[PDB]
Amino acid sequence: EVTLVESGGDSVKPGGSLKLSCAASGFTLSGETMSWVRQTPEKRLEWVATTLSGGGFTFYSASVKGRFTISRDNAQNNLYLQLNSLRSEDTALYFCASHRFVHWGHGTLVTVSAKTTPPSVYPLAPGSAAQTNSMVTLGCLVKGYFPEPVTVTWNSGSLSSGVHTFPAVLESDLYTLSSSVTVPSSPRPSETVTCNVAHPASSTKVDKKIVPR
């Protein structure tokens, strides 16, 4: 069986240098053309570089030339990539594919940003609302955190169904996440709904009680 696992990804400051690695298994690297591809936040696939087998040429994308270098470590059955004048444009999930992108390894996120920060929670309550379905939707805006991940729960478990946690969005070197729940207009405001947000890295725990508007 073939196997490719990439590593090396980490946060990095704009201008910073980074070195990624693709370790292979199930084959001999030497007579195997390897490609480095990237999937951007926008969920677009972009070609980065290709190194031919034998001992041939290495082709670079124009978006990468001069700044990124490729290498093999046939001896350790490894493939490296030197990331060097990291620009914003570069935050992405770096994968390595074998010949004609048959086999692909799991990826490694590199994020070009500013610095670590605990999240600011905002309770999102309906503007002097109604109840179409005798159902009301409340949310929580988990804003400006660094780095990922985050843990968002409602009445710590209790509200499970109705809940819709959405993926983060990065904008000025900080993430923006959102979550919600929809309860019958019987439970809120009669009973309370709290959103339990934790930015585990920062060891931040925050509770917000959603109160009318």
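Just count from 1 along the sequence shown to find any residue number.
- Two stretches are in play, 196 to 204 and 15 to 23, and the higher mean C-alpha B-factor belongs to 196 to 204.
- Judged by mean Cα B factor in the deposited record, 139 to 147 ranks above the other of 84 to 92 and 139 to 147.
- Note on the listed residues 71, 77, 128, 98: the highest Cα temperature factor in the record is that of 128.
- Highest C-alpha temperature factor among 185, 61, 178, 40 per the entry: 185.
- For residue 5, the recorded CA B-factor ranks within the lowest third of the chain. Only modelled residues enter the ranking.
- Placement of the Cα temperature factor of residue 153 within the chain: middle third of the modelled residues, per the deposited record.
- Split the chain's modelled residues into thirds by C-alpha temperature factor. Residue 57 is in the highest one.
- Compared with the other modelled residues of the chain, the Cα B-factor recorded for residue 161 ranks in the highest third.
- Sort the chain's modelled residues by C-alpha temperature factor and residue 33 lands in the lowest third, per the entry.
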